[PDB]
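Heads up: the structure comes next, in structure tokens.
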Amino acid sequence: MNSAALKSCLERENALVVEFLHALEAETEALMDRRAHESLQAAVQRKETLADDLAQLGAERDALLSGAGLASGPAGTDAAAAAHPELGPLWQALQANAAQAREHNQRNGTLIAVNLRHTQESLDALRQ
Amino acid sequence: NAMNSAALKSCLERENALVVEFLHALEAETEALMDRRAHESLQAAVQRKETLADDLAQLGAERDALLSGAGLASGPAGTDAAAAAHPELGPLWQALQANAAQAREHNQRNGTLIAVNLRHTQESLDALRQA
């Protein structure tokens, strides 16, 4: 219980503050970490570009269908596949892939909300 | 008019390849939405701060126990007196106060960033509630 004791105490207190500063640096890093956000943005942007490209190809298919005197959309394409059954497998795969895409897409649209709510609750628990 | 079977095959191939690229983009979207690396890092930082803050506050009792025994005031006042009387503690005490002030400011900044991220999260939720 002297001046060396007081020096020991200060040293250790300072050691904890410095460690706390490094913990703070880590907290700031996590708060500023936008990797997940950029990944999401990049995937959403791909999705938009591809969605536009598919609508264009959808119009192309309908133009060919209409050109041949057939109905547009799935019904017309069903009739094209009956008349040209060599196209059946491709039409069936497109349909199956589109249904999986729609399901997966609707699931991600919900999952965005889940993600936002996970984040909101984790952050709101730090509030006090 | 007659169906151009070749033209239709071509169109259906390109569509199906785009849908497939779209399934890949969807997988990337799910992966991004499931990425909690920042969340986990935050939690660990916060738990670390808590233990350190707790140890620090308790270690204040040792300082006050020493100041009280030497008949000095507690807290910063007594420690100023002690650093004056034992100058070899000056740099250490100055550093500790400066480091601590720095920590308080940084802690406040991080509290603000939490508020910023929470604002952005609510706005993002408000956006889905619309669309």
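Worth pointing out:
- 26 Å Cα-Cα reach of A:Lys7 towards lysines, excluding residues that sit fewer than 8 places from it in its own chain: B:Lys49
- Between 0 and 90°, nearest 10: helix B:90-130 axis offset from chain B longest Cα axis: 30 degrees
- Inter-site label distance for A:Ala75 and A:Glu103 at 7 Å from Cα along Cβ, in nm: 2.6 nm
- Helix B:37-69 axis, angle to chain B major axis (alpha carbon atoms, nearest 10°): 0 degrees
- Stokes-Einstein diffusion coefficient of chain A, Kirkwood radius over Cα pairs, 4 °C, 1.567 mPa s, in µm²/s: 63 µm²/s
- Computed label-point distance, nm, for sites A:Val114 and B:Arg14 using a 7 Å Cα→Cβ extension: 3.6 nm
- Residue with peak Gaussian network fluctuation, chain B [Cα springs, cutoff 10 Å], from B:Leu33, B:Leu72, B:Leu42: B:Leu33
- Sequence-separation-based contact order of chain A, relative, with Cα cut under 8 Å and 6+ spacing, percent: 7 percent
- Per-residue ellipticity at 222 nm, computed for chain A from helices alone with -39500 (n - 2.57) per DSSP H run of at least four residues, works out to -31500 deg cm²/dmol.
- Against chain A, whose longest principal axis comes from its Cα atoms, helix A:3-32 is set at around 10 degrees.
- Excluding same-chain neighbours fewer than eight residues apart, the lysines reachable from B:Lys9 by a Cα-Cα span under 27 Å are A:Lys47.
Readers should treat all values here as calculations from the given coordinates under stated rules, not as data from a laboratory. Note: ideal-geometry Cβ built from the backbone for every residue, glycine included; neighbour counts use all protein chains shown.
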